[PDB]
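Right, one structure below, let's go through it.
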Protein chains: 2
Amino acid sequence: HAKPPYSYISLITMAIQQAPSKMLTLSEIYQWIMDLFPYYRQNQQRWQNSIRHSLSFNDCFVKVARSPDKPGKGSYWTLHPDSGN
Amino acid sequence: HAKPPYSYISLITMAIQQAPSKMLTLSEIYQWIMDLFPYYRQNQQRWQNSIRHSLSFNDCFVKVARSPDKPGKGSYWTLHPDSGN
DNA sequence: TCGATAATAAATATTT
DNA sequence: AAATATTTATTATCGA
Ligand SMILES: [Mg+2]
């Protein structure tokens with residue numbers, strides 16, 4: 001397919017918004033984007049770099065530590081309170 | 001009632017995509033945006049100008065004339081095939 | 001970080 | 001008397 005119009009901030013925001021408890025890991029963000037948008041099933045090394053960049057660079061995305069029981073790869077990412085949600 | 005992250009291109013694309021006929025008039029685009037995003041119920045004079053600019057400036061949006069037997073203000077807008085979706 | 005794209009703000013232009 | 005459509009420049013923001 002062709003590239004959808006969504007910015008990386010928009011792609012991440014939509015992924016978080018539909019996520020159980022409005023939290024998901026980086027790899028879950030990757031998977032949601034690829035599941036919904038066939039364009040992103042390729043050039044993964046490039047756009048996933050852009051995803052990681054967008055999560056860190058923008059204050060609207062906030063890191064949340066894993067639980068001590070069921071800890072794992074990466075933290076959860078969520079939306080900052082003074083966005084819309 | 002906070003500003004959603006979506007670009008004007010993304011807002012228009014989403015509005016058209018959800019239309020039963022896959023086409024919307026300009027005023028229908030305005031209404032869909034305002035219905036879904038309360039933020040856009042203000043400053044309509046500004047962002048609706050931006051909507052019109054985005055519709056004309058981008059080739060992914062293509063104008064479709066009303067039938068001669070059903071005239072009115074403005075044409076229908078839809079997504080062009082030569083732009084993916 | 002640097003190159004690309006979006007968006008704000010107009011005047012202009014078309015049409016009902 | 002208006003909604004709609006096109007166009008240009010500039011500022012802001014995005015993204016490779
Ligand atoms: Mg967007």
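Worth knowing before you read on, the calculation uses all heavy atoms, side chains too, and leaves out hydrogens, waters and symmetry mates. A note on names: the letters A, B, ... follow the listed sequences, proteins ahead of strands, and every chain is numbered from 1.
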For the pair made of [atom1] in [X] and [atom2] in [N], what is the distance, rounded to whole Å?
X: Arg66(B); N: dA3(D); atom1: CZ; atom2: P; answer: 14 Å
X: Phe57(B); N: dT8(D); atom1: CZ; atom2: P; answer: 9 Å
X: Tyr8(A); N: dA6(C); atom1: OH; atom2: P; answer: 13 Å
X: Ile33(B); N: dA7(C); atom1: CD1; atom2: P; answer: 11 Å
X: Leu55(B); N: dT14(C); atom1: CG; atom2: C1'; answer: 16 Å
X: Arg52(B); N: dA3(D); atom1: CZ; atom2: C1'; answer: 8 Å
X: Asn58(A); N: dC14(D); atom1: CG; atom2: P; answer: 7 Å
X: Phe61(A); N: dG15(D); atom1: CZ; atom2: P; answer: 11 Å

Exercise. Output the residues of residues 11-31 of chain B in contact with DNA chain C, where contact means a heavy atom of the residue under 4.0 Å from an atom of the strand; sort by number or write none.
Key: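 Nucleic-acid contacts, sorted: none.
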
Exercise. Give, ordered by number, those residues of residues 40-51 of chain B having at least one heavy-atom distance below 4.0 Å to an atom of DNA chain C; if nothing qualifies, reply none.
Key: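 When residues 40-51 of chain B is checked for heavy atoms under 4.0 Å from DNA chain C, the hits, listed by number, are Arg46(B), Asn49(B), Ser50(B).
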
Got a second to check how far [X]'s [atom1] is from [Y]'s [atom2], nearest 0.5 Å?
X: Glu28(A); Y: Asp35(A); atom1: CD; atom2: CG; result: 11.0 Å
X: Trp77(B); Y: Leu24(B); atom1: CH2; atom2: CG; result: 12.0 Å
X: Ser56(A); Y: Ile51(A); atom1: OG; atom2: CD1; result: 11.5 Å
X: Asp82(A); Y: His80(A); atom1: CG; atom2: NE2; result: 6.0 Å

Within a strict 4.5 Å, meaning less than it, do heavy atoms of the [X] and [Y] side chains meet?
X: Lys73(A); Y: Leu26(A); result: no
X: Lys63(B); Y: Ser75(B); result: yes
X: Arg66(A); Y: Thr25(A); result: yes
X: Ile29(B); Y: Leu55(B); result: yes

Quiz item: Which part of the nucleic acid does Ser54(B) contact within heavy-atom distance under 4.0 Å: base, sugar-phosphate only, or nothing?
Solution: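 Answer is nothing: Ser54(B) stays at 4.0 Å or more from every strand.
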
Quiz prompt | Stretch residues 76-85 of chain B: residues that reach within less than 4.0 Å of DNA chain D through a heavy atom | solution =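 Within residues 76-85 of chain B, the residues near DNA chain D are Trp77(B).
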
Quiz item: Is atom CD of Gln45(B) surrounded by more than 12 heavy atoms (other residues, nucleotides or ligands) closer than 6.0 Å?
Solution: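 Not buried by this count: 12 neighbours or fewer within 6.0 Å.
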
Quiz prompt | Other residues, nucleotides, ligands: >12 heavy atoms within 6.0 Å of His1(A) NE2 | solution =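 Not buried by this count: 12 neighbours or fewer within 6.0 Å.
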
Please check the phosphate of [N] (OP1 and OP2 only) for any side-chain N or O of [X] closer than 4.0 Å.
X: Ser56(B); N: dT6(D); value: yes
X: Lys3(B); N: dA7(C); value: no
X: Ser7(B); N: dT5(C); value: no

Exercise. Examine the side chains of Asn49(B) and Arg46(B) and answer whether a donor and an acceptor come within less than 3.5 Å of each other.
Key: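 No, because no side-chain N or O of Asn49(B) sits under 3.5 Å from a partner of the opposite role on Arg46(B).
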
Quiz item: With distance as the sole criterion, is a donor-acceptor pair present between the side chains of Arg52(B) and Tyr30(B) under 3.5 Å?
Solution: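 Looking only at side-chain atoms, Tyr30(B) and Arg52(B) do form a donor-acceptor pair, the distance falling under 3.5 Å.
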
Polar atom pairs (N or O), protein with nucleotides 9-11 of chain D, under 3.5 Å:
none

Quiz prompt | Heavy-atom pair of closest approach, residues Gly84(A) and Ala2(B) | solution =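 Shortest heavy-atom separation between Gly84(A) and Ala2(B) comes out as CA-CB, 3.5 Å.
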
Quiz prompt | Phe61(A) to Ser54(A) - nearest heavy-atom pair and separation | solution =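 That closest heavy-atom pairing would be CD1-O, 3.7 Å.
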
Exercise. Decide yes or no on ring pair (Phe, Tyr, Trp, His ring centres under 6.0 Å) for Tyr40(B) and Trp47(B), but give the supporting numbers first.
Key: CA-CA 8 Å; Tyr40(B) 284 110; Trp47(B) 66 260; 5.1 Å; yes

Quiz prompt | Same apolar cluster (I L V M F W Y, side chains within < 4.5 Å links), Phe57(B)/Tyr8(B) | solution =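 No.
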
Name each donor-acceptor pair under 3.5 Å that joins a side chain in residues 9-22 of chain B to protein atoms two or more places apart or in another chain, with its distance.
from     : atom 1 : to       : atom 2 : distance (Å)
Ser10(B) : OG     : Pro5(A)  : O      : 3.4
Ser10(B) : OG     : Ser7(B)  : OG     : 3.1
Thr13(B) : OG1    : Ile9(B)  : O      : 2.8
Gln17(B) : NE2    : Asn85(B) : OD1    : 2.5
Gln18(B) : OE1    : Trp32(B) : NE1    : 3.4
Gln18(B) : NE2    : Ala15(B) : O      : 2.8
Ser21(B) : OG     : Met23(B) : N      : 3.4
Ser21(B) : OG     : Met23(B) : O      : 3.2
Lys22(B) : NZ     : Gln17(B) : O      : 3.0
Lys22(B) : NZ     : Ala19(B) : O      : 3.0

Exercise. Among the candidates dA5(D), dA16(D), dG15(D), find the nucleotide nearest to the side-chain atoms of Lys63(B).
Key: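 Ranking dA5(D), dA16(D), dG15(D) by closest atom to the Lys63(B) side chain puts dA5(D) first.
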
Exercise. Give the stems involving DNA chain C, where a stem is 3 or more consecutive Watson-Crick or G-U wobble pairs (i with j, i+1 with j-1, and so on) under 3.5 Å.
Key: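 The stems are C:1-16 with D:1-16.
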
